[PDB]
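Inspection log for the structure reproduced underneath, given as structure tokens.
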Ligand SMILES: *[C@@H]1O[C@H](CO)[C@@H](O[C@@H]2O[C@H](CO)[C@@H](O[C@@H]3O[C@H](CO[C@H]4O[C@H](CO)[C@@H](O)[C@H](O)[C@@H]4O)[C@@H](O)[C@H](O[C@H]4O[C@H](CO)[C@@H](O)[C@H](O)[C@@H]4O)[C@@H]3O)[C@H](O)[C@H]2NC(C)=O)[C@H](O)[C@H]1NC(C)=O
Ligand SMILES: *[C@@H]1O[C@H](CO)[C@@H](O[C@@H]2O[C@H](CO)[C@@H](O[C@@H]3O[C@H](CO[C@H]4O[C@H](CO)[C@@H](O)[C@H](O)[C@@H]4O)[C@@H](O)[C@H](O[C@H]4O[C@H](CO)[C@@H](O)[C@H](O)[C@@H]4O)[C@@H]3O)[C@H](O)[C@H]2NC(C)=O)[C@H](O)[C@H]1NC(C)=O
Ligand SMILES: *[C@@H]1O[C@H](CO)[C@@H](O[C@@H]2O[C@H](CO)[C@@H](O[C@@H]3O[C@H](CO[C@H]4O[C@H](CO)[C@@H](O)[C@H](O)[C@@H]4O)[C@@H](O)[C@H](O[C@H]4O[C@H](CO)[C@@H](O)[C@H](O)[C@@H]4O)[C@@H]3O)[C@H](O)[C@H]2NC(C)=O)[C@H](O)[C@H]1NC(C)=O
Ligand SMILES: *[C@@H]1O[C@H](CO)[C@@H](O[C@@H]2O[C@H](CO)[C@@H](O[C@@H]3O[C@H](CO[C@H]4O[C@H](CO)[C@@H](O)[C@H](O)[C@@H]4O)[C@@H](O)[C@H](O)[C@@H]3O)[C@H](O)[C@H]2NC(C)=O)[C@H](O)[C@H]1NC(C)=O
Ligand SMILES: *[C@@H]1O[C@H](CO)[C@@H](O[C@@H]2O[C@H](CO)[C@@H](O[C@@H]3O[C@H](CO)[C@@H](O)[C@H](O)[C@@H]3O)[C@H](O)[C@H]2NC(C)=O)[C@H](O)[C@H]1NC(C)=O
Ligand SMILES: *[C@@H]1O[C@H](CO)[C@@H](O[C@@H]2O[C@H](CO)[C@@H](O[C@@H]3O[C@H](CO)[C@@H](O)[C@H](O)[C@@H]3O)[C@H](O)[C@H]2NC(C)=O)[C@H](O)[C@H]1NC(C)=O
Ligand SMILES: *[C@@H]1O[C@H](CO)[C@@H](O[C@@H]2O[C@H](CO)[C@@H](O[C@@H]3O[C@H](CO)[C@@H](O)[C@H](O)[C@@H]3O)[C@H](O)[C@H]2NC(C)=O)[C@H](O)[C@H]1NC(C)=O
Ligand SMILES: *[C@@H]1O[C@H](CO)[C@@H](O[C@@H]2O[C@H](CO)[C@@H](O)[C@H](O)[C@H]2NC(C)=O)[C@H](O)[C@H]1NC(C)=O
Ligand SMILES: *[C@@H]1O[C@H](CO)[C@@H](O[C@@H]2O[C@H](CO)[C@@H](O)[C@H](O)[C@H]2NC(C)=O)[C@H](O)[C@H]1NC(C)=O
Ligand SMILES: *[C@@H]1O[C@H](CO)[C@@H](O[C@@H]2O[C@H](CO)[C@@H](O)[C@H](O)[C@H]2NC(C)=O)[C@H](O)[C@H]1NC(C)=O
Ligand SMILES: *[C@@H]1O[C@H](CO)[C@@H](O[C@@H]2O[C@H](CO)[C@@H](O)[C@H](O)[C@H]2NC(C)=O)[C@H](O)[C@H]1NC(C)=O
Ligand SMILES: *[C@@H]1O[C@H](CO)[C@@H](O[C@@H]2O[C@H](CO)[C@@H](O)[C@H](O)[C@H]2NC(C)=O)[C@H](O)[C@H]1NC(C)=O
Ligand SMILES: *[C@@H]1O[C@H](CO)[C@@H](O[C@@H]2O[C@H](CO)[C@@H](O)[C@H](O)[C@H]2NC(C)=O)[C@H](O)[C@H]1NC(C)=O
Ligand SMILES: *[C@@H]1O[C@H](CO)[C@@H](O)[C@H](O)[C@H]1NC(C)=O
Ligand SMILES: *[C@@H]1O[C@H](CO)[C@@H](O)[C@H](O)[C@H]1NC(C)=O
Ligand SMILES: *[C@@H]1O[C@H](CO)[C@@H](O)[C@H](O)[C@H]1NC(C)=O
Ligand SMILES: *[C@@H]1O[C@H](CO)[C@@H](O)[C@H](O)[C@H]1NC(C)=O
Ligand SMILES: *[C@@H]1O[C@H](CO)[C@@H](O)[C@H](O)[C@H]1NC(C)=O
Ligand SMILES: *[C@@H]1O[C@H](CO)[C@@H](O)[C@H](O)[C@H]1NC(C)=O
Ligand SMILES: *[C@@H]1O[C@H](CO)[C@@H](O)[C@H](O)[C@H]1NC(C)=O
Ligand SMILES: *[C@@H]1O[C@H](CO)[C@@H](O)[C@H](O)[C@H]1NC(C)=O
């Protein structure tokens, strides 16, 4: 069970970026996906998560109206859609999976490799 | 007090045996014009098959107990035989042959045809292989076909094909196939990486001896499975991680004659050769073969000893056991395959037209002469070995070759209805 | 807010293909003693079949897309072939014939029978038709059967009948047949007078060329249908409102000889004629034919022109295409049918015993000799025409004749389960 | 006011006809290696079958209307014929025989074999029974096989057995078998001691004429059943309460020769006799037979008169009707059986190899020669009698022998759904 993300991007401020993450080795719709970012010099910033089955999401208050998540189960792929990019958005964008035992966050042991976005 | 409550849709099963059905790719439906196995009487495969990996399911597998092998055994034989029902008996053609050498693997034989065209008789000639016919001891000029005193041989209807199309086998509703996805799993025992499969991948009905080909390469190392690696009564199945290329040919542009031996009845026979006589042969990359073989030893020595001498020349059995064989372009080649094992590469091959579906009882099929030259190539993907620590190639039958693929799967039956105690009593 | 509600028993359907089954009248069950199609292996028809006229149902029909024709194609051929499985091979009888004329449509041939009664040989003679046998070019006295160098012909078991019994075809539960009751409806397009049928009327498995007979007259006018009436690649089907009477005969009281050609094996052959030789022929009322034909032109000219010259003499194809044919009393007549079209009535007919089920591949059936005279009559109910505005009779195969009846019906599948929004929410 | 209420699971039934299926004992599954009836294609019997005696159920039975007999008729014949499909035609062996006596029930015949080994001919000799072959009238030295001018006879495949294994017949779900347990019940009419059976006991497919054997003894008295005991067109079935022992033998240690009459084709024939010629015969305890026969008369006289003379010598029909017969050790004995009835015991028996499944149309099976001596014994349990008050043994066919056992049972269909008036109205 691995997570495979797309490539890196370079954007100017005011731009938007979309980062994919493919569900290799496991059922796409059987485990909710998280998105976490790490800007240079920073710790780990949570952006939100998406339910690959239902399309349900939760996002950080910091990004209301700015960070969106979508999915397309026909290709087993989840996506992170980030707009209003600024210089603070330079960083590594990672996809990750939790155990969701009881449908509640436990901790995430499966991570994608992360992609970088420069702004 | 707990109460009995019925729960339906319980995700449990028990191991079970049922019949799997075929599923075709797309083209096979319309290959009925020639192809025996790639029939029209077969539903399509799922264009988008699903697979579910299970989290905590560990089950025991045993490839030598895999009953799917028996189904394939019977199905191939039955379908093959069904296709030959309307074909031509060669019984009256066994009467006589006056032979000399081709101008001695191939004989130029003349013959006397018994009353043919109602009140007429005729004489003809044809080319024959020494592997299909034998001399009369007190003549040494006259010949007969080898199988004549036991049974009937028919010439396959010209409109025939045995192309080994990768037909899929699917489970019926109420059943499922569990697959072992553990790349390091041996032939028996528990497997933890297990997934649910409704239908398997396609498996080509390849017929060969002393060679596993055109599929199923190992996970970056040579993988060897055996029932024991101990008992000399058992055999060893070897999977290669890389294939070895083999190029085979019969560079003789042959023609064929249609001989009528009565109104309404005829058969084809080998006619003249256009051009010279070339020997059938196969080109195996030597370096790839032996580099791989060195790697095979690296894996094999784990069970048999680090300085142990392994892999000697083919030996034991009659020529169809000792020689390597395949249908190149549909033509039947018997290759010495001793060069490959001349140390513990181009091989000569012989041609034979009377064949069995692995092994028949009494009866046999005759492969009609093929017009033009033979060219084919293939992917060597594995070996079957014979214990003597010398190993030699060969052994087994169709079920060993089928098993070498089927080992990945087992069939179970879904048992959704059950009960459990609850705190809830029925209300009335 | 509307809610999802499930409704079951919804009166809708989709077009679908399924297998129709036969249904017998009353007598056919016990006709197994001879009759191939009127089998015992068939359930009875509904003694009181129902039909429902629908008020607002309009559907598209297309007789050239009516798949029921394929089912009839295959069923007649299969059943016919099954009945011939135990019958006698005439292969050894093709060996020789020394012929003179009957004392030359009919030849008096002597022949030499090869070892027959174990260690004996014998000579016999029989009468043969010129349409079944051919001479040897360099003899002009010796003959062979025409089909001998391609395949096996068997003599139908004497206990056989092909009486064209009007067997009904019925739909299985879950399916229904919709009928177009519009008397003016052409071969394709919408039909508003539609009714539901569970089972069709009986259709006789009539075999003929150049004639639609013994059923389905038009609604007081000549009715002509065609895929196009334009394209020369298409054909025209003509229905008459009145039938034309035809009286056919072969006034030769013939006998037959049973010839044994070995212990346990024998066949029948035409023996001597009791009385003189009379020509087979058919009497067609001329006035009725031509009065009708004038009326056919009246309808035909609507598509092809008011002063257009139509309906010339038969032409094109071999004698079984060019001549008109039928099994009168089970005997096979080939009539010139040129008198009927000698202007843009008694016809001579020829007799042939080797026949096909419309057209066989290689093989054929031999019609055993019939003792006594042949007499029959029939109802001419329609024509099939060939484009050249000259039209000529003939063309097509069994499916064109089956289609000419099946055009009235199509098969649909009932789809009773569906949903719709309601104002009612589920209560819990 | 009473209301309609539906009751499901109502213990009622109507008489009905369905197909019964076989059930095997334990061993029959693996008897496929030889045995025709004791097939592998048969489910096992219930190791613990149940039976329910009903308190107030009285029903009419009629053994001559028991349709189970037709099922057994057809099944035995069909299975027997299926087993013979791959067997050897003896057609070419009927060509000639030059016979003298064995050194005349058995003839020593030489013969000329037609081209056999492709271009060779050969001469052989074999022993034949006078019951299988007949002389040529104008030679008196030459012989032919009796059935040759009507049909094909094949030699049963050597790997064959007709051991009469007691296979059970069971009803499908929804059906039940009612049994009459009234020991004094005649062939028709009401029976009050009735029980429900899902599956019957096993019945051996015994083939015999003029003898009911190896089962079903009467309840301490001779029990006689007949459709009428009046009409001379009807027959009488006699059950004995005690069996009579019979010991049969053919004390000739025979061998057999395998004769090849072409490459790939051969048959077995009686070879030389090891030792002298002994007559086939059977030893019947005289006292037991006649003491029983006196008792049979005691029962028989109830319908036919106290001083009436009954039971005379066999008479009427051809030798297979007149002589008693059975397959002793698989060998076919035809015994005079006149000593048993020489007053109103060791019998000579004749041997014949061409046999019928009771009676065939045209075709027949040839019993391959049996190596060694024949020894068997059996239990005489009953008789079938012919009206003339003289009675004679014999008459009927397989259905009379099947009926003689099947008379105990009838098949019914369960009809669980019905309605009745109640005082309870539906609530809504
Ligand atoms: C392991 O895998 C290899 C391939 O990966 C298999 O070998 C090939 O098998 C295929 C199928 O049997 C062979 O296909 C044959 O090719 C011949 C030549 O093709 C050329 O010419 C045709 C002419 O129209 C072109 O269409 C085509 O694109 C090529 O240009 C054909 O002539 C053969 O047709 C046969 O059947 C028809 C049916 O009526 C006959 O009319 C023909 O006369 C003829 O009989 C056929 O298509 C292919 O050549 C094989 N070799 C190679 C090198 O690819 C191995 O068999 C496989 N082994 C196992 C055990 O699975
Ligand atoms: C279009 O429709 C016409 C009729 O409307 C069909 O022609 C008739 O078809 C029937 C059926 O095939 C023919 O019936 C035959 O009649 C012969 C003579 O019948 C008289 O003598 C018998 C003697 O007992 C009387 O019972 C009877 O009432 C008459 O008095 C019979 O001899 C024929 O029997 C055949 O089969 C038996 C079966 O064992 C044999 O034993 C006989 O030897 C013989 O083979 C049969 O019954 C009828 O004669 C036809 N002609 C006429 C003028 O009616 C057309 O065929 C039909 N065409 C198409 C394409 O559908
Ligand atoms: C009424 O009931 C009686 C018995 O109650 C039946 O008669 C017996 O029927 C059985 C079955 O047909 C006969 O069994 C035969 O016995 C032969 C000799 O057995 C001895 O030798 C063997 C050697 O291994 C020992 O195993 C055995 O215990 C004995 O010591 C066997 O040779 C026969 O085998 C046949 O089939 C095999 C299969 O390949 C062949 O290889 C053999 O060569 C041979 O063909 C067989 O087992 C038994 O002999 C019968 N007689 C007696 C006196 O019991 C009646 O037939 C039955 N009648 C009816 C109508 O139901
Ligand atoms: C149980 O079995 C499962 C099925 O095999 C296991 O899942 C497999 O896990 C391995 C782990 O390494 C994956 O291997 C990786 O695959 C990626 C795929 O990307 C490449 O291929 C795609 C194909 O279209 C292509 O599009 C990309 O551009 C790449 O070319 C590779 O990049 C990695 O190097 C590596 O090969 C398997 O792919 C994965 N299988 C599936 C079906 O996804 C599972 O782990 C097993 N579980 C246990 C406990 O063993
Ligand atoms: C025997 O070995 C040869 C060599 O490895 C195999 O040939 C290879 O077959 C694969 C099949 O997928 C070819 O892949 C191709 O990739 C392109 C990428 O876009 C795709 O478009 C094609 O449709 C196809 O998938 C691969 O190129 C091909 N290699 C060569 C050199 O041609 C061969 O299939 C093996 N035979 C068997 C029976 O395993
Ligand atoms: C060929 O044309 C002739 C002449 O029209 C057809 O004969 C006719 O067949 C009908 C069948 O119903 C006969 O009807 C009869 O009506 C009486 C009235 O009570 C009834 O009792 C009979 O049972 C029967 O229904 C009609 O009389 C008869 N015409 C003659 C002159 O006999 C013939 O059926 C046509 N053949 C085919 C195959 O269509
Ligand atoms: C023909 O008559 C003879 C003589 O009556 C029958 O032989 C008898 O068969 C019964 C079968 O149950 C034997 O019963 C045995 O009882 C012992 C008691 O412990 C049991 O252990 C055995 O397994 C078996 O049940 C009986 O002893 C036997 N009589 C003799 C003298 O051997 C024979 O079966 C009759 N044949 C037919 C086809 O009815
Ligand atoms: C046809 O007959 C010949 C002999 O007449 C059989 O030849 C034997 O073949 C076996 C095979 O290993 C040899 O061991 C024997 O020595 C051969 N016999 C002789 C006399 O040399 C031949 O096998 C028979 N054909 C079939 C199909 O069985
Ligand atoms: C795998 O090899 C083992 C090795 O011991 C087999 O054990 C056999 O055990 C019996 C018991 O008495 C011995 O007589 C045999 O000689 C042993 N076999 C050998 C080869 O020594 C075990 O049966 C083998 N398993 C398989 C699948 O063959
Ligand atoms: C049997 O052979 C003869 C010739 O040996 C075939 O006769 C040919 O028939 C076709 C039919 O249109 C003619 O065009 C040819 O000219 C005929 N040949 C000759 C030499 O005249 C005959 O058709 C063959 N039989 C079958 C059933 O095919
Ligand atoms: C019925 O006749 C029409 C007449 O136009 C057919 O139309 C064909 O259209 C193609 C289009 O390029 C032309 O090439 C053909 O020549 C036209 N056919 C003729 C006869 O002119 C139409 O296809 C015909 N339909 C049927 C059922 O035959
Ligand atoms: C084979 O032919 C012979 C005569 O050639 C048939 O013999 C007749 O058999 C019946 C049987 O009852 C006798 O009544 C006749 O008298 C016999 N004929 C002569 C001339 O004696 C023999 O039945 C025929 N075979 C078959 C199987 O039918
Ligand atoms: C049983 O015997 C009786 C005796 O009367 C049979 O009755 C028959 O009745 C018809 C009526 O006219 C007579 O013509 C017959 O002659 C009577 N038969 C005898 C033998 O006399 C009754 O049909 C017989 N039942 C069975 C089953 O045969
Ligand atoms: C085989 O050919 C040689 C050539 O001379 C001939 O002598 C011999 O008789 C031939 N044999 C047969 C069986 O025709
Ligand atoms: C497979 O490996 C397991 C590991 O414990 C072993 O127990 C089992 O016997 C092996 N089976 C074979 C056939 O090698
Ligand atoms: C077989 O022929 C192909 C043709 O290009 C070649 O590439 C391949 O290496 C050859 N294989 C061998 C074993 O020579
Ligand atoms: C049938 O008549 C309709 C009338 O509009 C026409 O459209 C259709 O093409 C006709 N079909 C045929 C086959 O004549
Ligand atoms: C056929 O014969 C019948 C016999 O009555 C006759 O009425 C009818 O008109 C005849 N038909 C012809 C075409 O002559
Ligand atoms: C039968 O044998 C006798 C013995 O002398 C012989 O004369 C006679 O010709 C033989 N018959 C046949 C048909 O061989
Ligand atoms: C059976 O006995 C009953 C007794 O009344 C009798 O009515 C019936 O006809 C008898 N049936 C036979 C076939 O003996
Ligand atoms: C048959 O042989 C057995 C052998 O013991 C014997 O007991 C029995 O009495 C014999 N039966 C007859 C009828 O002789």
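Of B:177, B:165, all but one fail to be away from every other protein chain (no Cβ under 14 Å), crowded, with 16+ Cβ neighbours inside 10 Å and closer than 23 Å to residue B:52 by Cβ; the exception is B:177. Counting residues in the range A:2-18 that are within 14 Å of chain B (Cβ to nearest Cβ), under 30 Å from residue B:196 (Cβ atoms) and not in a helix (DSSP H, G or I) gives one or more.
Scan the range C:115-149 residue by residue and report those that are touching a helix residue (DSSP H, G or I) at 6+ places or on another chain (Cβ under 8 Å) and assigned to a loop (DSSP other than H, G, I, E, B).
Those that are touching a helix residue (DSSP H, G or I) at 6+ places or on another chain (Cβ under 8 Å) and assigned to a loop (DSSP other than H, G, I, E, B): C:118, C:131, C:148.
Among the candidates D:300, D:293, D:240, the residue that is closer than 30 Å to residue D:25 by Cα, surrounded by 15 or more Cβ atoms within 10 Å (Cβ to Cβ) and away from ligand 18 (no atom under 16 Å from the Cβ) is uniquely D:240. The set of residues from the range D:13-34 being over 25 Å from residue D:84 (Cβ atoms) and exposed (fewer than 11 other Cβ atoms within 10 Å of the Cβ) comprises D:14, D:26.
The condition of being farther than 23 Å from residue B:362 by Cβ, in a strand (DSSP E or B) and within 13 Å of another protein chain (Cβ to nearest Cβ) holds for only one of B:112, B:108, that being B:112. Applying the set (1) within 14 Å of chain B (Cβ to nearest Cβ); (2) touching a strand residue (DSSP E or B) at 6+ places or on another chain (Cβ under 7 Å); (3) loosely packed, with under 15 Cβ neighbours inside 10 Å to residue C:96 leaves exactly one unmet item: (3). If the condition is being in contact with a strand residue (DSSP E or B) (Cβ under 7 Å, 6 or more places away or on another chain) and within 14 Å of chain D (Cβ to nearest Cβ), then the range B:61-92 contributes B:89, B:90, B:92.
Among the conditions (1) surrounded by 14 or more Cβ atoms within 10 Å (Cβ to Cβ); (2) closer than 28 Å to residue B:194 by Cβ; (3) away from chain B (no Cβ under 14 Å), residue A:36 misses just one, which is (2).
Answer with yes or no whether residue B:247 is in a loop (DSSP other than H, G, I, E, B) and more than 16 Å from ligand 21 (Cβ to nearest atom).
no
If I filter the range D:377-387 for residues that are more than 16 Å from ligand 7 (Cβ to nearest atom), surrounded by 21 or more Cβ atoms within 10 Å (Cβ to Cβ) and on the phi > 0 side of the Ramachandran plot, do I get at least one hit? The answer is no; no qualifying residue exists. Looking at A:25, A:48, A:65, just one residue is away from chain B (no Cβ under 14 Å) and touching a strand residue (DSSP E or B) at 6+ places or on another chain (Cβ under 6 Å), and that residue is A:48.
Quick one: would you say residue C:253 is away from chain D (no Cβ under 14 Å), more than 28 Å from residue C:225 (Cβ to Cβ) and assigned to a strand (DSSP E or B)? Yes, satisfied. If only residues of the range C:138-162 that are buried (at least 18 other Cβ atoms within 10 Å of the Cβ) and within 14 Å of chain B (Cβ to nearest Cβ) are counted, the one that is nearest to ligand 12 (Cβ to nearest atom) is C:154. Remark: residue D:152 matches the filter, which requires a residue to be more than 16 Å from ligand 7 (Cβ to nearest atom) and touching a helix residue (DSSP H, G or I) at 6+ places or on another chain (Cβ under 7 Å). With respect to (1) assigned to a strand (DSSP E or B); (2) surrounded by 15 or more Cβ atoms within 10 Å (Cβ to Cβ); (3) away from ligand 18 (no atom under 16 Å from the Cβ), the lone exception for residue C:215 is condition (1).
Inspect the range D:6-24 for any residue being more than 19 Å from residue D:197 (Cβ to Cβ), touching a helix residue (DSSP H, G or I) at 6+ places or on another chain (Cβ under 6 Å) and away from every other protein chain (no Cβ under 14 Å) and give the result as yes or no. Among the residues of the range D:6-24, not one is more than 19 Å from residue D:197 (Cβ to Cβ), touching a helix residue (DSSP H, G or I) at 6+ places or on another chain (Cβ under 6 Å) and away from every other protein chain (no Cβ under 14 Å), which makes the answer no. Out of B:135, B:190, one residue alone is within 30 Å of residue B:84 (Cβ to Cβ), in contact with a strand residue (DSSP E or B) (Cβ under 9 Å, 6 or more places away or on another chain), more than 14 Å from every other protein chain (Cβ to nearest Cβ) and surrounded by fewer than 17 Cβ atoms within 10 Å (Cβ to Cβ). It is B:135.
Readers should treat all values here as calculations from the given coordinates under stated rules, not as data from a laboratory. Note: ideal-geometry Cβ built from the backbone for every residue, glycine included; neighbour counts use all protein chains shown.
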